[PDB]
Novice: 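Mind having a look at this structure? Questions to follow.
Here is the naming used below: chain letters follow the sequence lines, and residue numbers restart at 1 for every chain. Just so it is clear, the values below take in all heavy atoms, side chains as well, and ignore hydrogens, waters and symmetry mates.
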4 protein chains.
Amino acid sequence: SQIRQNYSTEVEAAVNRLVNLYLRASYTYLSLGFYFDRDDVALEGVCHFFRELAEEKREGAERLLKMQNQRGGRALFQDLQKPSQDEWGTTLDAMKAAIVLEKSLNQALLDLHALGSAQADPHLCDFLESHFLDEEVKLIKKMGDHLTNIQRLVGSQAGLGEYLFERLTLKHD
Amino acid sequence: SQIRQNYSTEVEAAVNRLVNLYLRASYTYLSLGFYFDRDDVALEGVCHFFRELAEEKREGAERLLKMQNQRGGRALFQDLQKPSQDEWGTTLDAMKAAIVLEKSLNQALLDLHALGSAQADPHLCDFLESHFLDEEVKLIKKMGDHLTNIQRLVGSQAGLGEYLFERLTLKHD
Amino acid sequence: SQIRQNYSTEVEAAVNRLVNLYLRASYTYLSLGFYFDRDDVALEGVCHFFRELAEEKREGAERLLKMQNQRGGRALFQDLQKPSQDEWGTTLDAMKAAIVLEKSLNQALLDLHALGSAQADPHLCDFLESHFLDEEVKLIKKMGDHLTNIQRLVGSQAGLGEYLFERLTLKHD
Amino acid sequence: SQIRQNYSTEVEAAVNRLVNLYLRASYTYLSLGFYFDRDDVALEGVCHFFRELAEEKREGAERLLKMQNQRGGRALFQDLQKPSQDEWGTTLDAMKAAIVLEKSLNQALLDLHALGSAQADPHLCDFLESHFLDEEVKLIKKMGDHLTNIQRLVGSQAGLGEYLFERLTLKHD
Ligand SMILES: [Pd+2]
Ligand SMILES: [Pd+2]
Ligand SMILES: [Pd+2]
Ligand SMILES: [Pd+2]
Ligand SMILES: [Pd+2]
Ligand SMILES: [Pd+2]
Ligand SMILES: [Pd+2]
Ligand SMILES: [Pd+2]
Ligand SMILES: [Pd+2]
Ligand SMILES: [Pd+2]
Ligand SMILES: [Pd+2]
Ligand SMILES: [Pd+2]
Ligand SMILES: [Pd+2]
Ligand SMILES: [Pd+2]
Ligand SMILES: [Pd+2]
Ligand SMILES: [Pd+2]
Ligand SMILES: [Pd+2]
Ligand SMILES: [Pd+2]
Ligand SMILES: [Pd+2]
Ligand SMILES: [Pd+2]
Ligand SMILES: [Pd+2]
Ligand SMILES: [Pd+2]
Ligand SMILES: [Pd+2]
Ligand SMILES: [Pd+2]
Ligand SMILES: [Pd+2]
Ligand SMILES: [Pd+2]
Ligand SMILES: [Pd+2]
Ligand SMILES: [Pd+2]
Ligand SMILES: [Pd+2]
Ligand SMILES: [Pd+2]
Ligand SMILES: [Pd+2]
Ligand SMILES: [Pd+2]
Ligand SMILES: [Pd+2]
Ligand SMILES: [Pd+2]
Ligand SMILES: [Pd+2]
Ligand SMILES: [Pd+2]
């Protein structure tokens, strides 16, 4: 209790929930990544795109935890539920699932920001702005762009389009 | 009056008060620093920790003054009261006094931010966020950590614990 | 099914279970790390030791998943249960909990190796040997050493001993 | 006979057979490589992929021979039969033939390892593990991945898919 100042029990609880959501997202991306690495799926560009996102979500959770400790709150961890699917279908299906996931994280961030604004907590506000809200927007725009390109490349020749997208948009170094 | 825009007389007065509080804090840290440099106290790690904080508070006051001029307000200086003590007791006593001081500065920042939000002044809001609120949080967490370690090192052997903290946590380059 | 060769359904299931155990361990270390970063605990050496172990357990899970895909098995993820404690007591308590955890992972590795030897699967054997069994042994020896030193430093002056261990054994760069 | 120790006549014979199988494989890859270099086939990415595999199989045979001499066994060479085909069809046909070949080599390695484990010959075991079993697994996963991508790229437009795979997956420096 020695440092805690202007940090409500409600914000503290909502930051712990958000941490669980970011770790859940990280776990979802780990599964997406290993799915595309299956010898019967074998799209390497799609597998590391999803593995970079896993790392990013884990880092987001870690930033939230550091902040919680900086404000004198107490981290409380809960079970992490498994990803929503065991098999993720096509690149199109996966990118759709990813956007749905990012939008749910975005909405949780907005819900937390609204809470902090109602709680008169400008530090929370500035933290969430500078570290999460803009990265989320940029990420969702990128996924939106990917999805449009995937979608354009379907019809008639789906195997061909899925290969070319991975080779020409996704793949790497 | 040629540039001043959306900058109330109330915010202007509160920024001048905050400048006085930061200079008061800087002066308090100058005294803490020279106290630990006394030949009958002689803890050099504690003396420069407090001298870096003096510089930081002075710079915070200077940032506020620059902003006041940028917005077309007018700096007005008042007498600076002397620090609350002439002798600061133990490292434990001093770190406690320092935390009390930072928390009072933090609360003044929150009070100013609330004022600026009530005044519809988003520039003030962004200024205080990006430059003061987060640094204050980080500083108070660091002092909290120090205090916990000091506290742990007492009982039975206080001289020994105060020496070891200065040597092993504080001291320097 | 195009590549899978000499890889039983039993080994595949046991590798998925082991992956869950390594991720659980990683999560346990994340919680231990943030616990020691609390302003009312404030032992930084203990916090990053535990954060390096979190990364190591995550990497172990990832190595297992890559192997599973190399052999044509299918990764299946389950819920990750939360760590066994919300508060981890002293450095001594924490190091004890860590050793218990590593020994349970070690035993799971031995159980999997025995399975693979009973299944006539020399690739599994060589994989587990070269990548997990020796690292586990080395890690447990290191934790054992830490625990002995912690234990030596208690009696009479526990706060002092816990500070000195963190400063002189643990802490860092 | 001056050095030979714990090395059975049965293992020695099986190592000579395995050497013949690796040289046969190397010869098969030499033929696959020159087939794709025909002016009426002309897929350069597919031709050097197969030429790197020829070199790798030759090196595997050479490693086995060196080991045989290290253990005091005697290399005995037999006729090398010609590859199973004179013309290898499409890239798809060829990659399928390659996987069949690697899996037969893998099975021969497992059969030799089982022999050495039944013969109480831990050196053989460690040799085969560290030098052959893992490389074989990794190679077969890579071929599996290739085959999946080839397969995806067929239907309707086979010429186009075979060109794009060679250009975008296979080809080189
Ligand atoms: Pd506290
Ligand atoms: Pd991958
Ligand atoms: Pd990648
Ligand atoms: Pd990847
Ligand atoms: Pd990658
Ligand atoms: Pd990348
Ligand atoms: Pd706000
Ligand atoms: Pd905000
Ligand atoms: Pd704000
Ligand atoms: Pd003016
Ligand atoms: Pd000094
Ligand atoms: Pd100093
Ligand atoms: Pd000094
Ligand atoms: Pd100094
Ligand atoms: Pd310094
Ligand atoms: Pd505002
Ligand atoms: Pd603000
Ligand atoms: Pd604002
Ligand atoms: Pd398969
Ligand atoms: Pd830390
Ligand atoms: Pd550390
Ligand atoms: Pd740390
Ligand atoms: Pd660290
Ligand atoms: Pd380290
Ligand atoms: Pd074995
Ligand atoms: Pd083994
Ligand atoms: Pd073995
Ligand atoms: Pd001999
Ligand atoms: Pd060629
Ligand atoms: Pd080539
Ligand atoms: Pd070639
Ligand atoms: Pd070439
Ligand atoms: Pd090459
Ligand atoms: Pd063996
Ligand atoms: Pd072996
Ligand atoms: Pd062995």
Side-chain angles (χ1 to χ4, degrees), chain A residues 19-20 22-31 33-34 51 54-62 65 75 77-83, chain C residues 14-37 45-47 49-69 75-86 88 91 93-113 127-128 131-134 136-147 170 172:
Chain A
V19 162
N20 188 272
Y22 271 74
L23 300 175
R24 278 175 59 187
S26 181
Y27 200 21
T28 292
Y29 292 126
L30 177 72
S31 171
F34 280 96
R51 314 228 251 255
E55 161 167 67
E56 272 165 36
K57 300 289 104 149
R58 164 180 73 73
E59 295 170 342
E62 291 169 4
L65 291 161
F77 296 98
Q78 307 295 160
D79 299 330
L80 299 185
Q81 72 196 68
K82 70 180 191 181
Chain C
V15 170
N16 287 322
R17 283 195 286 280
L18 197 50
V19 162
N20 188 272
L21 291 178
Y22 271 74
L23 300 175
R24 278 175 59 187
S26 181
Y27 200 21
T28 292
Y29 292 127
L30 177 72
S31 171
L32 278 156
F34 280 96
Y35 171 83
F36 282 96
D37 182 58
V46 190
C47 173
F49 170 77
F50 284 127
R51 314 228 251 255
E52 319 198 277
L53 283 171
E55 161 167 67
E56 272 165 36
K57 300 289 104 149
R58 164 180 73 73
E59 295 170 342
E62 291 169 4
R63 269 191 289 279
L64 287 162
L65 291 161
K66 178 184 175 94
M67 181 269 289
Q68 177 83 287
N69 271 353
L76 281 179
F77 296 98
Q78 307 295 160
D79 299 330
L80 299 185
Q81 72 196 68
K82 70 180 191 181
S84 68
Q85 303 294 158
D86 296 321
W88 297 96
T91 304
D93 289 330
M95 196 63 67
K96 277 184 186 165
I99 280 166
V100 164
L101 177 61
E102 296 300 331
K103 293 177 167 185
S104 73
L105 285 182
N106 198 39
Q107 191 57 63
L109 288 167
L110 300 170
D111 294 356
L112 178 53
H113 176 281
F127 173 85
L128 292 172
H131 281 317
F132 289 91
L133 299 170
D134 191 46
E136 226 19 73
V137 160
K138 282 181 47 164
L139 182 48
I140 291 169
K141 169 64 164 57
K142 180 143 89 177
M143 289 182 175
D145 286 355
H146 287 341
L147 194 60
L170 292 179
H172 22 232

Novice: In Å and rounded to the nearest 0.5 Å, what is the OG1 to CG distance from C:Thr91 to C:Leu147?
Specialist: 11.0 Å
Novice: Which of parallel (below 30°), tilted (30 to 60°) and perpendicular (above 60°) describes C:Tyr27 and A:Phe77?
Specialist: perpendicular
Novice: With sequence neighbours left out, write down each residue that passes side-chain contact (heavy atoms from CB on, under 4.5 Å) with C:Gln107, or none if nothing qualifies.
Specialist: C:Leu110, C:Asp111
Novice: Measure across C:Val15 and C:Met67 and return the closest heavy-atom pair with its distance rounded to 0.1 Å.
Specialist: CG2-CE, 3.9 Å
Novice: Below 6.0 angstrom between ring centroids: does that apply to C:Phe50 and C:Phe34?
Specialist: no
Novice: Evaluate the side-chain proximity of C:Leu101 to C:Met143: yes if any heavy-atom separation is below 4.5 Å, no if none is.
Specialist: no
Novice: Do C:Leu30 and A:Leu23 have side-chain heavy atoms sitting under 4.5 Å apart?
Specialist: yes
Novice: Taking only residues two or more places apart in sequence or in another chain, which ones pass side-chain contact (heavy atoms from CB on, under 4.5 Å) with C:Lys103?
Specialist: C:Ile99, C:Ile140
Novice: CD of C:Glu56 to CZ of C:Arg63: how many Å apart, nearest 0.5 Å?
Specialist: 8.5 Å
Novice: Could you grab the distance from atom CG of C:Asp37 to atom CZ of C:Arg51, nearest 0.5 Å is fine?
Specialist: 5.0 Å
Novice: List for me each residue that meets salt bridge (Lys or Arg N to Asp or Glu O under 4.0 Å) alongside C:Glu55, sequence neighbours excluded, and say none if there are none.
Specialist: C:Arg58
Novice: Could you give the distance from CG (C:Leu18) to CG (C:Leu128), rounded to the nearest 0.5 Å?
Specialist: 7.5 Å
Novice: As an exercise, state the distance from CZ of C:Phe127 to CG of C:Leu133, rounded to the nearest 0.5 Å.
Specialist: 10.5 Å
Novice: Looking at C:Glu102 and C:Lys57, is any side-chain nitrogen of the basic one under 4.0 Å from a carboxylate oxygen of the acidic one?
Specialist: yes
Novice: Which heavy atom of A:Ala54 sits nearest a heavy atom of A:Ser26, and at what distance?
Specialist: O-OG, 2.8 Å
Novice: Are C:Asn106 and C:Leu139 packed together at the side-chain level, in the sense that at least one heavy-atom pair is separated by less than 4.5 angstrom?
Specialist: no
Novice: State yes or no: are the ring centers of C:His146 and C:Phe49 separated by less than 6.0 Å?
Specialist: yes
Novice: Partners of C:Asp145 by salt bridge (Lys or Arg N to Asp or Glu O under 4.0 Å), sequence neighbours excluded?
Specialist: C:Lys141
Novice: Does C:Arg24 offer a backbone N or O that forms a donor-acceptor pair with the side chain of C:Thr28 under 3.5 Å?
Specialist: yes
Novice: Looking only at heavy atoms, which two atoms of A:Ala61 and A:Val19 are closest? And how far apart?
Specialist: O-CG2, 3.8 Å
Novice: Which atom names give the shortest non-hydrogen contact between C:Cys47 and C:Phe36, and what distance separates them?
Specialist: N-CB, 3.7 Å
Novice: Could you tell me the separation between the CG atom of C:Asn16 and the CG atom of C:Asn20, rounded to the nearest 0.5 Å?
Specialist: 9.0 Å
Novice: Just do the side-chain contact (heavy atoms from CB on, under 4.5 Å) check on C:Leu64 and C:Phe132 with the steps written out, would you?
Specialist: CA-CA 10 Å; C:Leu64 287 162; C:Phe132 289 91; 3.6 Å; yes
Novice: Would you please name every residue forming a side-chain contact (heavy atoms from CB on, under 4.5 Å) with C:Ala97, sequence neighbours left out?
Specialist: C:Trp88
Novice: List in chain and number order the residues that pass side-chain contact (heavy atoms from CB on, under 4.5 Å) with C:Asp79, two or more places apart in sequence or in another chain; answer none if no residue qualifies.
Specialist: A:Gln81, A:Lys82
